[PDB]
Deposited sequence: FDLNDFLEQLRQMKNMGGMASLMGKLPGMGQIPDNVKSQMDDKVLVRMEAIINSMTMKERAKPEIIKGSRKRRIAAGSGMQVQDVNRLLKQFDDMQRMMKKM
């Protein structure tokens, strides 16, 4: 369950804004994402790292559930 699938699914607009800023490797293997990338991703989608962490946390909560069925 990659960030892409998570993207399939008015604040939601900002969630996308943030995923459309990652690379295909990022969208595919989220963990590789750390400070540096975050800095690029947020600033790329006019967001703050927190928003990214926010989304990143969201996705996590999401993936987790998936890995339970």
item: Deposited-sequence stretches lacking C-alpha coordinates, listed in sequence order; value: 10-42
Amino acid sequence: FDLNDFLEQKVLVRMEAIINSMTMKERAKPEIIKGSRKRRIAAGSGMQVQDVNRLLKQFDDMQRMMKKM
From here on, numbers count along this sequence of modelled residues.
{"query": "Residue stretch of maximal mean CA temperature factor, 54-62 vs 15-23", "finding": "54-62"}
